[PDB]
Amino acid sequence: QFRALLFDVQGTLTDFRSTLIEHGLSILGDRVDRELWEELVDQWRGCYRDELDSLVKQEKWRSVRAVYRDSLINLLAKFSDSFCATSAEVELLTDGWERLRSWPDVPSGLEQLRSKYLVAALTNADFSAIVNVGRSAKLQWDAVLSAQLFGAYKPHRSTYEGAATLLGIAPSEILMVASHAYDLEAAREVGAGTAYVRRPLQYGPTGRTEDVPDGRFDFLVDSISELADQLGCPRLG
């Protein structure tokens, strides 16, 4: 039934939280303790989601890198007592979102899926970010699709359907793979299949995760490889 798997990347395929924590700490060093920087990372993603939530409501697209940067600048103002960052460091910190490392299952998972499916990124991240993430996260796609291509973020239907259009397939032939229910629900609305990837450490060792029940989505897996097995993709050697 499915011709292509479209993947959310951040969190779903990538441990963005570990990346952004280690990245900030590498850049800022002694200037912020791990505990405070983790807090910042969490608020940063939170500001990002709030801005994207806003932009989706406004049916507007803007550079997600600019979203991360503006959110970071707003957050550095909030924490200006604790530490500061130069504009150069703001850019280097914001680069962290394009340095996401993948979960260990993901490369072999993606490779396994490719025997039977096209695999494409469908990310709200700017096109250049997902391309960069491809390198840090060792993601090799048939296609990289970004909100930037459609002028709209997920969950807007034009992303999934524009992905379907670009891939020359029906939305019903897309299996959306995400570790965020909103993404799957929105893909479902255009008729795509839904594959939920549990990422219990996505928000850290004490992070609160969606408790997706079986039967909510077409697939519910702990790894891309397990998804690949359930789609009948031959195992890798």
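The numbering used is simple: start at 1 and walk along the sequence shown.
> Would you tell me which stretch averages the higher CA B-factor in the PDB entry, 210-218 or 224-232?
Stretch with the higher mean C-alpha B-factor: 210-218.
> Can you let me know which of the two, 75-83 or 133-141, has the higher average C-alpha B-factor in the entry?
Between 133-141 and 75-83, it is 75-83 that shows the higher mean C-alpha B-factor.
> In terms of recorded Cα temperature factor, pick the maximum from 178, 55, 67, 174.
Checking the PDB record, the top C-alpha B-factor among 178, 55, 67, 174 is at 55.
> What third of the chain, by the recorded C-alpha B-factor, contains residue 43?
Its C-alpha B-factor belongs to the highest third of this chain's values.
> Going by the entry, which third of its chain does the Cα temperature factor of residue 32 land in?
It belongs to the highest third of the chain when residues are ordered by C-alpha B-factor.
> For residue 196, return the chain-relative third of its C-alpha B-factor as stated in the PDB record: lowest, middle or highest.
Lowest third.
> Classify residue 20 as lowest, middle or highest third according to the C-alpha B-factor given in the PDB entry, relative to its own chain.
Answer is lowest: the recorded C-alpha B-factor places it there.
> Sorting the chain's modelled residues by C-alpha B-factor, tell me whether residue 165 ends up in the lowest, middle or highest third.
Tercile = highest for this residue's CA B-factor.
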